[PDB]
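2 protein chains.
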Amino acid sequence: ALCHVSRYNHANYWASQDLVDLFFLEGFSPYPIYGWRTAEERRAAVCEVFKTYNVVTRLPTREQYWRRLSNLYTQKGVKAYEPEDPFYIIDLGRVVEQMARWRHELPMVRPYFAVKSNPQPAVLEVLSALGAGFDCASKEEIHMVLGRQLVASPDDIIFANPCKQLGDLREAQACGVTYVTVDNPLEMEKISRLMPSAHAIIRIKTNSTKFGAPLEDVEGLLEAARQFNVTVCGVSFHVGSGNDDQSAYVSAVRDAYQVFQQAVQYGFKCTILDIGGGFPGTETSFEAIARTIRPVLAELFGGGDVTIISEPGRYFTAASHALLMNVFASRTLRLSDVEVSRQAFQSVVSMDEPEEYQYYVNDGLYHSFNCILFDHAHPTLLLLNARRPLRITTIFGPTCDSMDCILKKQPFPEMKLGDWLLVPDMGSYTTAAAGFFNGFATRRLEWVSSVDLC
Amino acid sequence: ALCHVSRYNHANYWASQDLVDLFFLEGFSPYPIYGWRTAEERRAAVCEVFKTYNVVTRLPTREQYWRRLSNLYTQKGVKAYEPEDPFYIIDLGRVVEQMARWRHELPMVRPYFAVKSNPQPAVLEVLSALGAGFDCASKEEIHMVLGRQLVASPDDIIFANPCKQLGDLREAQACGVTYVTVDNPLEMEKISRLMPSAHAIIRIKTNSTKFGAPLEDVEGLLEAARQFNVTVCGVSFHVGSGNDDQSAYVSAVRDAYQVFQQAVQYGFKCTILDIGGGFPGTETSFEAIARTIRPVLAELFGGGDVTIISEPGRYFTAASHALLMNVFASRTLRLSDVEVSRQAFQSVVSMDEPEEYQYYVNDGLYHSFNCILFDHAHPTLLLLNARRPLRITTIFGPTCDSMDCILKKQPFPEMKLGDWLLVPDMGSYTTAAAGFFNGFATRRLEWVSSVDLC
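Heads up: the sequence lines are chains A and B, in that order.
Residues 7 to 21, 128 to 139, 148 to 180, 211 to 229, 252 to 379, 388 to 463, 471 to 572, 620 to 688 (the deposited numbering) are what the first sequence spells out, left to right.
Residues 7 to 21, 128 to 139, 148 to 180, 211 to 229, 252 to 379, 388 to 463, 471 to 572, 620 to 688 (the deposited numbering) are what the second sequence spells out, left to right.
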């Protein structure tokens, strides 16, 4: 459907610091910590990134915290940007908390953050300081990771795209990366021809239709790898967020074990297992998924000769953002008699006056709110603010296009010009896929650290 | 649906300049030319733009011309960019021809090009040289128009957004632009309080959900304008990219005349008539639309007191661009028995072997091909270049998103890694709304001139 407004649907619409501290304490589990930094170097590096971006440690539920921050920063902005411009509130402490959670729940797995989730430099810097690996799907992301000197060696970068361009392969081989992912024999030929130092990883299909080799064709994939003198030492799979069944992960791990046996039959001694991303980044919770994944990994890849990695994307940056919007235009329209009857029966809006209240905010579908179509997401609009009766609303974007319709004829509290709209959990594939249509953009950013580090 | 592939659907799928010259011949119509330049200065300015952007004159159907140009500029890359990278072929001669066609069909109307269609500097500069007005929907586009010194005075810029932000109005008043568009009395109050030296233009609804005041509420609009000491001298309307027929244009202009009479009754003497955009850019033809709308303008606004303007967007930059894509990855899959039966009855590809072909190109839905959703467009894929059996193809994009699919399970000639895909008529809202997901972008541009004005 459209943006979720279930927070305002009835007439009476009124009404881990310990984990992070544990994470920065090792140097628990018998597995070595991620990254080349020691215990003292990681904390120093994260504090250095915090100082570099001058984040503010605003210690604290989550909706109340976001509302308080939005009020404070709106007041601050009222007192290089306009006070009515949209802005983000990046909680860089949330990324640290997510890494602490991943270390606690999956200590045997080293995440390789998907840079495609948000290529924002601050999150990359803090993740590299935390010891995370990096997951580049293109030569551009490889350059951002290497150009910022976030990795000591290119061995912490995986060319996770199973279908890479020839120039991308040339740049990756020149830059010195080694880990790549494959799904078809033609990619084996390309990798052998243009990148001889690669450590190819086979991507196996899971129970989408674009990536992942079928379990039957993995034998032909291994045959092509052997024929083309390609060193295969890994198997990867990605299920994507949306698979409600918790058995998809264990089925994929079983398929990976079968592929490992097939590779062993081909003289390939694989040492890398990649379980992909798709983990939930918001509070099927991540704890249940980890409790499902852990035992099969222990009883199948518990020998210690295979390193288990992952490429979690939105998991790290799901709860780290909060977009704020200003309503700057409003008008009321009459309704037809036919439309009046339907709304009276269902909607809790008072239909004495057939009025449709239309509002315009300064961020729409051609920008950060592009996740409605590209990501199939339904974010939660929140009005920070005399009874405010529930009128049927159609919240438009700033762009003159008529399709900028983040809301359409749904009940919502009465809003006037100058009010702010808060959209929590707006960090996954929001500004990465954002387009510069009409010239509007959420250029302003604010840096907040929910946890205390410095 | 999806990208149009009707060019390849049966088993055997094998098998201007004079008007532009007339356009630069003002020193035949009783209307003065557009712009502050003369005949001897417009040609010099456009030749200066061509020299500045190194535009090359290519001389000649449109499909064959685009194929020839694609061959020429494709076997030219392997001889700062990779040869296997996507690129555009911008034909500014097409923009010049579109302007000449507009001048011939509607000599009484001065276009004000919608910068939102493509904010590319070359098209803006060539249009300013041609004498076009400019149509800025945001302060950013105002700055691009003014920053490049394209307009002698800000009187050639219309703040065509009927709902403008406060900072945008402040910048517009500071810059010196006067013409604005209004929809609701709240906008009247905002403009009066913020933009004192304005010439408001009422936007009337066309037989529309987002913009356009209803014909009944124009009374309240005029009352608010008079109450807030707002000077209104124009009425505007936008129809949309596609509609029923020219009867919409006739109804809209008659409603505009009625609103003009209402304003005259409300002590307001108007002098501006804006008929909006939505005209066809590709080849309901534009000539029929002009032949319909000319007589009503002649018999209704033929007194000469009111100047008729327009804001045509895609009309100028529809047939200008031509995107090219490279197939760098491919694989073959299986089909279910149920799915096999469906294709046997309708698909012309022999379904004896359940072969599903999946290809990958370097431009997808997160980029230039974003017009499929944001614009509801179906561009025509063309394979430039033995036998080419039809197969069930699924042309994906470069991004690793599952939904980045421009064509799904449709017949198409057999493709191999290295072939190019030509997509003509890709200049309207393609690179303007294009994002930067995964770091992929069509950075390379090539400049051609179908016409020879130099």
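Just so you know, even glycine gets a beta-carbon here, dropped at the ideal spot from N, CA and C.
Taking 9 angstroms as the CB threshold, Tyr223/A stays off the interface with chain B.
Listed as beta-bridge partners of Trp654/B by DSSP are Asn513/B. Among the residues of chain A, those whose CB is under 7 angstroms from the CB of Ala666/B are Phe671, following chain order. Cβ contact annotation for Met538/B (same chain, cutoff 7 angstroms, sequence separation greater than five): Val527, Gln530, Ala531, in chain order. Using a Cβ-Cβ cut-off of 9 angstroms, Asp635/B counts as an interface residue toward chain A, since at least one Cβ of chain A sits closer than that to its own. For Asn423/B, no CB of chain A lies under 9 angstroms from its own CB, so it is not counted at the interface with that chain.
Taking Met360/A as reference, the option from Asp454/A, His508/A, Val398/A, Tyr284/A with the minimal CA-CA separation is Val398/A.
The way I'd put it, the region 158-174 of chain B doesn't touch the region 545-560 of chain B; fewer than three beta-carbon pairs between them come closer than 8 angstroms.
Listed by position along chain A, the residues whose Cβ is nearer than 7 angstroms to that of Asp355/B are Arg518. In the pairwise beta carbon analysis, the region 416-424 of chain A is classified as touching the region 445-461 of chain A: at least three pairs are separated by under 8 angstroms. Distances from the alpha-carbon of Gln533/B to those of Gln644/B, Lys377/B, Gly489/B put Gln644/B closest. Within chain A, no C-beta atom comes less than 8 angstroms from the C-beta of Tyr429/B; the nearest is roughly 18 angstroms away.
Annotation: the continuous alpha helix (DSSP H) that includes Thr172/B extends over 159-172.
The C-alpha of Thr451/A lies about 28 angstroms from the C-alpha of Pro632/B. In this structure, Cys634/A sits near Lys288/B, with a CB-CB distance shorter than 9 angstroms. With its beta carbon at least 9 angstroms from every one in chain B, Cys558/A lies outside the interface.
In this chain, the beta strand (DSSP E) harbouring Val281/A covers 281-286.
Close to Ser310/B, with beta-carbon spacing below 7 angstroms, are these residues of chain A in chain order: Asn672, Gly673, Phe674. Taking 9 angstroms as the CB threshold, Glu359/B lines the interface with chain A.
Residue-level contact by beta carbon holds for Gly339/B and chain A, with a gap shorter than 9 angstroms. From the beta-carbon of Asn333/B, the residues of chain A found nearer than 7 angstroms are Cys634. Taking all protein chains in view, the Cβ of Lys311/A is crowded by 16 or more other Cβ atoms within 10 Å, so the residue is classified as buried.
Interface residue (Cβ-Cβ distance to chain B less than 9 angstroms): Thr628/A is classified as such.
Residue contact check for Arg521/A against chain B: a CB pair falls below 9 angstroms. Non-local C-beta neighbours of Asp263/B in its own chain, meaning closer than 6 angstroms and more than five positions away in sequence, comprise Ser507, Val682, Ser684, ordered along the chain. In the DSSP assignment, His371/B falls outside any alpha helix (DSSP H) and lies within the beta strand (DSSP E) extending over 371-375.
Beyond the five residues adjoining it in sequence on each side, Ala505/B comes within less than 7 angstroms, by CB distance, of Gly461, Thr462, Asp659, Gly661, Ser662 in the same chain, given in chain order.
The beta carbon of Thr504/A does not come within 9 angstroms of any beta carbon belonging to chain B, so the residue lies off that interface. In the three-state reduction of the DSSP assignment, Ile452/A falls in the strand class. When the beta-carbon positions are compared, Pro291/A and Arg521/B stay at least 9 angstroms from each other. Taking the Cα of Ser497/A as reference, the smallest distance to any Cα among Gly652/A, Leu641/A, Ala301/A, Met271/A is reached at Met271/A.
Closest option to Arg625/B, judged by alpha-carbon separation, among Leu641/B, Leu131/B, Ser636/B, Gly400/B: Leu641/B. Apart from sequence neighbours up to five positions away, the residues of its chain that approach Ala17/B with a beta-carbon distance below 6 angstroms are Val535, ordered along the chain.
With its beta carbon less than 9 angstroms from one in chain A, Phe391/B belongs to the interface. Scanning chain B for C-beta atoms nearer than 9 angstroms to the C-beta of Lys288/A yields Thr633, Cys634, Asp635, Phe671, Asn672, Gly673, reported in chain order. Around the beta carbon of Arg478/A, fewer than 16 other beta carbons lie within 10 angstroms, which makes this residue exposed.
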